[PDB]
């Protein structure tokens, strides 16, 4: 259960790791230009992701407008905190990556299980949060382009599997699936 | 003025003269019932009823109109049947509750107040109608005999002699003479109570009484020779 | 951290009334928070309550009983000591799972003269000619039985209570101070106070 | 002895002299507005037939549903305010399914109609509704305790076991003919023709497979609503026999 | 529990039932209240004997007094089922009555009745019943008199009474929480409910 | 004329003290079919004339069993009969579970009395339009109770309620001295009841379909004779 | 507080080719003390239905009580029609399953004739789960009974009653909680028949 | 009988519910036409109005659409409840709401508000159009304040409804329904000219609001 | 229209239903009088039975609300007894909540505030009684506070109520050590104002002192009348 996020100069790259064998886990499309990736407890984490998708979709239908990624991230933070009020906290980690059409700039946000929101150039959770910062911090640059980012992700993922993913990109063209890790 | 058109179609409404006509109408329902009287004696009280027999099909022993709210309380009402029996059961509940809590029979003045509040509570809101029964009740307690008579308005007082029903004016007039003539023993009143009912009046005579001396404070009916003696006196 | 009432309390019916007596010391552990406490609580003019166990629950219950009795008094006149005990039982019993209350009720009424009702922590009600409760009562159970007599006079009962509580005070340090006593009689409520210099040497 | 307005009909809880409850009686007037529904009970199965009453030609007559399946061996035909009916059918479906869950047995239709009438009874004490149902439904079902049976459930809360019943518009005419024509030895096939024959008289417009649909209850087949092709054949056979 | 009554014993004989209980309410190791009656007559034909928490016993007592009051506007089985329902329901509410109850009585048809019910709602009948410490001491002794149903007609009042009293003496000697004073009730189909008070164990 | 202004609901008393809205409910029983009830010292019998909505419809059920020892008949509004009968049955079963006693016939009729009298005092609800004839047999013995919607329950040797019930009542009064002495003869008692209901007929004759009969006693738990079983009594 | 007790004993159900049998001992037990020697552990619910809930008696008696009430309600709603064994099984499952998070600790068995007339026996898991079984036993000495029967069964209603007698006779020999009396209920199209046999007293 | 929802008229219909329909007849005209594989919705539309912050056709979901006639305020709230149900069903269940399901729910809300004398029923009749998920069969439904929902091949509600429902009845053949987007659009436009905004919904959540309908108007007008 | 049957403003800006409640206070045809002494407050009230059968003992319009507070009601007694139980319970609750005896004025405020509810709520009718609370407050000394169905409450140095309150009040205005003296003073002006001689059966008296409020018995009243005759 690894989720990654890289904020390149014109897009956001989200990656996720996959009894029952198949041939889109830990992700939900909140909006055409917004993507949400989550990791944590099975079950308690998907209902929250499904609920968030409904509310954001409901807002889009009601207003016929694309809610900005910053607003979406704030909404998730309040709902996650509101969820924990009357129950014991549950291990959840959400990455919200979206392209702000109004500002024409990508954005990536990280939300912890306690409901704290961080705007990040890059982020990770799980086993990827122990060493991968040593690589991204050394190699990441602000003006990195999409094609460069996936070399970094392909590089990064390579270290992850040495010490040991489905990849999506959000851009002005919308969500996009990728086979080149 | 006895109709009060305009202010009489709803309960809990004051007429320009301050009267609540719905309560007054409930009084008229009382005046159509069988006359019932209650006599307060030096040692107890006496109740009499002109039960108008309707048909032979009624079971004589189970057709009793002088209700017993509690072992030491006798109750007789005139007016609407549903309200009279509804009030008796509610009064029966209060008597049991008081005994349950304080482990003593409920005093008559306290019992009357509890009924008065319930009856009066139905004159406050338009969703309910005032009870259409004037209830004569009494008994014996630590302070002696008590006879009370609550109206549909919820007003009740202690009485030396009470009367209700259609045969009310005649019974009250004769009842006043009895008090004036003998200002009674539990024995004597039973004969006098029978006399008043016959004067007031096919009807049968039902009589009950409760006295400290002749019934050690319990309420019992009049039967057998005593009954016949009262009829003979009447 | 709840404050438990360290007490040595006693009620004794006598010829023409009842006497309620108690110490004046309340302790938190080994410390004496107050040594002039008035443990004799009035629930009615002729009915007086005394509390054992937790000081919070009993104080709350005592206020309710006084409220209910005042409510009863306005309707059916002055209540009996039996009625007050009944009120205590309802509160003490139905809340036994939450309230830790032990009570002694002593009162005077025309119908029953003096009466004493003791309500241990279990919530049961027991009518007795005399009653003793509190931590210091465990040390005089064998003295009150040997010396108590029925239909005693005021002087004997006052002396009897003085001797009884002097020993409980002597052996129990949770109880001590001044012996405050209430004499309930048809003449009226009377208050007595005995200082240590008056009863210790007995 | 003056003429004055009387308001014993407006209220629902207001008794009139002689004890008539008019609002319930006015509810039956609503049924007469509904489309005609016919039901005949006999051996080999029960048969239901309903006028669809197409408001306009553009209306999807193939989607007008006056007959609804409550249990695999029970069927209901409704007439009147269809909006109120949906509340009753939903309750009936739940009760039948609930009975199977609780007893592992098909609900007895005599018990089902009792449950439904308990709902229509709710305008008073079982209150959940302000006014009585403006729909009268006709239950046809087969339970293996009493055999193929037909029940008519009025909004008043009373159900009757009917050999043959007609409700809705023209019910008075339909019932009069059913009295002339129904008999114990009525086989299912002629009952289906009979239902169509009754619909012919009381239906104001032409009888056609598009505006009339039949249904039947059979032990082997259960509740089934006839296809348009079969109804056309039966209508064709009917006019040939006439 | 805080204040507890130790034991009740009973046995059915040819013409009725006998039930006995000692008049003591124990405050732990302290024999505080030696005046607690624990046999509750509920009419002319039945007695309810209660052990365990005395405070809960007094709560049972009123329900029995309410039962006669509400009805008067009873049978031994009638009363037991009311109690068993309460005891079961209090258990289901996780708020039990800490008591063991023996309902002894004679039915209007002459059938003898003896049923036991405890805080858990467990119920059983037997020729002889005892609660708490009496289940191990008296019950073996009484069973020697009536070991089976066939022995019921062969046991007279005197034999049953003697066995009950003898069981109390053995019970008193070896039971620390017992008292010399006990109450004994005899219910007979002919002579009705006979109720004996403050008997002395000797 | 003036009645229209004061008959709006069961809360307004008329200037003469009459409560019209509940009088109409009593009059609603006359719309129902005639049912006859009578009892001897040891046996009680119910006889009812069922009606069908149409010749193609089954005759409506008119007699119900609350337990093996007592039952009842119905006359008046169907919906009210549904509510009251099942509510009473909810009380037969309730007592056994918690207490394991048979609910006595007298108590059964009186617990229902409180239900009807509430509707005559509050706005919104309406008085029940159904009358009941309850028959049972308990320790005390035979019982026959007639419940009116006005909360009036009367112990009766025999009675008749419904359309043209006066004729049956007259016959029962004329034969009260006879059918009470029919003790230990359940067959003869029913024949008297069937004869009693026959006087209420106008056009329709007795048939195995429309007629229903019930009987209960010491040796007879509540049994309902309907269909071919009723042919002999006709 | 522990809301759950134990009473021991054993029950056995056998689904004959046509007839059905339900058997159980009559002894009621609490921690080595015999509460009573004859408590009917097997019940008849009518409609050719015999029911028995082993384990905690207060849970068992309630379950049969509610089930019997459900049968009465079923009769009222279904024109007094007979209740099928399968219908009762699912009805009991809902009763058992209606208290999952606070369940009955009873291994109950119902025996009867299915629609076609063959013997029927259903055993219910305490949380409701049931399965049709040819023969089943539950309780303390259940493990000592089934193996013996399986040898001799895997037969009329007079030769199986021999094996059940010997089976329980064997269990009482080596097991202390097995009762001093055997109850057997026989279900056939004729009806329900109760047979009792005596066992060892100690 | 007119002044309450809980009272039946002697002839057997509730007048108050009927009076809600006349409110719909006072509303702006709405039209709907079912093609072989498409559905077309047309609606009836001051100088100083801000036309860039106004569409009478509000979509309840990606694949469902809902036009209305009558009181605009009531419709705006009825639409909101439908939108929430569409997502709630998409949440509790996985599949999107069936078109028949949504109209049943919307009609239920209107029917529900008729079950009390203290509530004004919605004076709006909805015209729900759309395609079932993963289906190519067009579905058009109409709901009324009374709570009755019906399936229509072509329907018009509001101002000038009878005149427009007569034009459709003769020009629309259930056995010869239009089989092209242009054909149904022309019928809808011709329907509205008998007295312009046109919306076309196509399977797989393809909803487009047409612009430059003047070509069809010019074409239809010449003919 | 509706303004006549429910308590809402009429076009004249007045609540007719509340004003009709005032006229109901005179239905009993009983008038009262309350005056203040140096250390005690005394209230007088007529006891027109008038029926011979009616027992005069139970005919009392004076209620002992609390230990120190008593109130006299003018109007129908069924409404008076309902008011008494309200005041009889408000006083007890105040002591429970605030730990000291209910003052006279605050009780009038609570009862008056309750009456204000009936004058504003459409479905609640005004009680229709006039309550005259008399007590000796430990702070303000003797005090008289009178409440009316309109919701007003005013303190009085001396007040009279009933059909002939104007006749009584005018005499007090002209006029303006033990409670027995004020009782005689109050009775004398009632006789002078009304002109009707009084007996024990026709009069009921209530006295409020520092310790408690009590109602004089029939024999006690006769003694005061005898003392007046000595003048």
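Read from first to last, the chains carry the letters A, B, C, D, E, F, G, H and I; within each, the first residue is number 1.
Criterion: a residue touches a chain if its C-beta (ideal position, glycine included) is under 8 Å from a C-beta of that chain, and two chains touch if they have at least 3 such contacts.
Protein identities per chain, from UniProt: A = Proteasome subunit beta type-4; B = Probable proteasome subunit alpha type-7; C = Proteasome subunit beta type-1; D = Proteasome subunit alpha type-5; E = Proteasome subunit beta type-7; F = Proteasome subunit alpha type-6; G = Proteasome subunit beta type-6; H = Proteasome subunit alpha type-4; I = Proteasome subunit alpha type-1.
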item	value
For subunit C and subunit D, chains touching each	none
Between E-F and B-C, the pair joined by more C-beta contacts	E-F
Longest centre-to-centre distance from subunit E, chain (CA-based)	H
Chain closest to the middle, measuring from C-alpha centroids that were averaged per chain	F
Centre distance in Å when subunit B and subunit G are each reduced to the mean of their C-alpha atoms	61
Whole-Å gap separating subunit A and subunit F, where each centre is the average of the chain's CA atoms	76
Geometric centre distance via CA averages, subunit H-subunit G, whole Å	64
Contacts with two or more other chains, residues of subunit D listed in rising order	11
Per-residue overlap in subunit A, given as positions that touch at least 2 other chains	none
Multi-chain contact residues (two or more partners), subunit F	8, 124
Sites on subunit B touched by subunit E in the complex	92, 96, 99-100
Residue numbers on subunit I that touch subunit C, as the complex places them	64-66, 88-89, 91-93, 95-96
Subunit H contact footprint on subunit A (complex, rising order)	50-51, 54-55, 57-58, 61-62
Residues of subunit F defined as touching subunit G within the complex	89, 93, 97
Touching residues on subunit H, where the partner in the complex is subunit D	1, 5-14, 107-108, 111, 114-117, 146-148, 150-155, 165, 168-169, 172, 174
